[PDB]
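For the sequence shown, this note's numbering begins at 1 and goes up steadily by one. No residue lacks a Cβ here, since even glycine has one placed at the ideal position from N, Cα and C. Reviewing the structure listed below.
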Amino acid sequence: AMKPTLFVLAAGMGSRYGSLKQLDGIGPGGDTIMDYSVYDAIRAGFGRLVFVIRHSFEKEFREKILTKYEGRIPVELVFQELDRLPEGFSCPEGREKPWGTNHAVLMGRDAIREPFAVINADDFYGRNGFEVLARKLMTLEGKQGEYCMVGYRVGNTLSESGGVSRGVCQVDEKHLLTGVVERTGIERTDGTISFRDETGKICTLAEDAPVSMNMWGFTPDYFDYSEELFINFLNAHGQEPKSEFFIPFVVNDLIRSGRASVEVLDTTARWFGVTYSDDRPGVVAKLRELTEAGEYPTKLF
């Protein structure tokens, strides 16, 4: 019986000088946010972990992170490098900025041959997020173009310290994603949640408006569709210094063409994460509270 794969986007964890960023032992036992994700993924029935990282911090990643999980669950590393491009394309001379989150996803294409989740490395998704996702992924074995995402409510994801950037979702009555677009600067300004769109117009959002927090469920055909769109991307923006190939962009394109459908899973879990440094004590407090309530042991790994 198949168990789904957890694919963790960890390529951003390095410093700019060949080392791993300082780890934050933020839970009451000194565990990291990533640790809570892995703990819950295991509990939810995920069968293996894949991390996309970069070679520049591989040594410390193996020393400080893989040692926590080895023997608890199978783990594998894949590597996001600038020169890992489709046959026929070369990396521009001046390019230094990584190609983007969906390029990072493409790095898992040979290692992942079953339904899989994609999540960020430093966001707290909550146990039920992993539960609904694992359950759905189990149903997707052998399918093409039938995906999912775990929806959160925008009003639960804001910061009192400044604006946040969220994948704002349009979802129809069948719980299917019809559109997703990254919006920056979302803030609750005296009672109402708003942002400004491309045309500088202010738009408001209901407290319960669905957003993506980059927790997705895919099948391996997703790698092939992504490669197709990556070629298009490189052709159009490959010579640009700061262009990026993002998951929401690709997903949006596939649903608009009808080649994919994405079910939005309305979890009861609540997200948290550190957007601004001032947000951190609140996250420390929430992990302490969940631990006192018995949701987690004091020490995870």
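Report the partner residues of residue i according to the DSSP bridge assignment.
i, result
"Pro210", "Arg153"
"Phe79", "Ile53"
"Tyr147", "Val262"
"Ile119", "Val8"
"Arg48", "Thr5"
"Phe124", "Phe272"
"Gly14", "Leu20"
For residue i, which option in the options has the closest C-alpha, if you only look at C-alpha atoms?
i, options, result
"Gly94", "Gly100, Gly238 and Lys64", "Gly238"
"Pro92", "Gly163, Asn235 and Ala104", "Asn235"
"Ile247", "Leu300, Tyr225, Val283 and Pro86", "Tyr225"
"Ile42", "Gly282, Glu70, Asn232 and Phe245", "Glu70"
"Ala206", "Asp40, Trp216, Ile186 and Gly217", "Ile186"
"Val211", "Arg270, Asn102 and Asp24", "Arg270"
"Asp197", "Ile73, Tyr276, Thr178 and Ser165", "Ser165"
"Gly145", "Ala121, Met34, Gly217 and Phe245", "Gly217"
"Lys174", "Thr268, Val262 and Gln22", "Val262"
"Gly151", "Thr298, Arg48, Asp266 and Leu287", "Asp266"
"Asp83", "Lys299, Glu96, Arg72 and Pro74", "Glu96"
"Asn214", "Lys64, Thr204 and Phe249", "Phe249"
"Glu295", "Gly27, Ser19 and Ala104", "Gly27"
"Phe130", "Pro115, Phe46 and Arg256", "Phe46"
"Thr219", "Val118, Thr199 and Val168", "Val118"
"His103", "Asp221, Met149, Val52 and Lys143", "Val52"
"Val180", "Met149, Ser15, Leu66 and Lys21", "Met149"
"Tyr222", "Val251, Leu290, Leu20 and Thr67", "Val251"
"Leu23", "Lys68, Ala44 and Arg135", "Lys68"
"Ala134", "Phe79, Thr298, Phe7 and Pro297", "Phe7"
"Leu176", "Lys143, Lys136, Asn156 and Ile255", "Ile255"
"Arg259", "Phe233, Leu229, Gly273 and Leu66", "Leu229"
"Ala44", "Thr268, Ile231 and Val132", "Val132"
"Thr157", "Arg188, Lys136 and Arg72", "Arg188"
"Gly162", "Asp279, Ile73, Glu240 and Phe79", "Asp279"
"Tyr147", "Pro241, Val264 and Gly200", "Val264"
"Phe272", "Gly29, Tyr36, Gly14 and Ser15", "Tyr36"
Buried or exposed: which applies to residue i, given that a residue is buried once 16 or more other Cβ atoms fall within 10 Å of its Cβ?
i, result
"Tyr125", "buried"
"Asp123", "buried"
"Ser277", "exposed"
"residue 353", "Residue 353 lies beyond the residue range present for the chain, which begins at 1 and ends at 301; the question has no answer from this structure."
"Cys203", "exposed"
"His55", "exposed"
"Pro115", "buried"
"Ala285", "exposed"
"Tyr17", "exposed"
"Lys64", "exposed"
"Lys136", "buried"
"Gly167", "buried"
At the level of alpha carbons, what is the spacing between residue i and residue j?
i, j, result
"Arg109", "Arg183", "28 Å"
"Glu227", "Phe89", "12 Å"
"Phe195", "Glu81", "34 Å"
"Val154", "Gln170", "12 Å"
"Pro98", "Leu106", "13 Å"
"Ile112", "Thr5", "7 Å"
"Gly282", "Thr275", "11 Å"
"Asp190", "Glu160", "11 Å"
"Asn120", "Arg48", "16 Å"
"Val75", "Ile193", "40 Å"
"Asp253", "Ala293", "42 Å"
"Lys3", "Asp172", "29 Å"
"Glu58", "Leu9", "14 Å"
"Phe301", "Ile33", "12 Å"
"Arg62", "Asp208", "40 Å"
"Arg127", "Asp40", "5 Å"
"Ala1", "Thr139", "12 Å"
"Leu287", "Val38", "15 Å"
"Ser257", "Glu141", "23 Å"
"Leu77", "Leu290", "30 Å"
"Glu244", "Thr101", "8 Å"
"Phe233", "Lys143", "26 Å"
"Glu87", "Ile231", "10 Å"
"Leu66", "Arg72", "10 Å"
"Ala11", "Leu20", "10 Å"
"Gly14", "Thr199", "35 Å"
"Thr268", "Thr178", "22 Å"
"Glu60", "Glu240", "32 Å"
Between residue i and chain B, is there a C-beta pair that is closer than 8 Å?
i, result
"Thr219", "The displayed structure is made up of one protein chain only, and chain B is not part of it."
Next item on the list: Tell me the start and end of each unbroken beta strand (DSSP E) in the stretch 158-235 that is at least 3 residues and wholly inside, in chain order.
Entry: List check, beta strand (DSSP E) in window: 164-171, 177-189, 192-196, 202-205 and 210-218.
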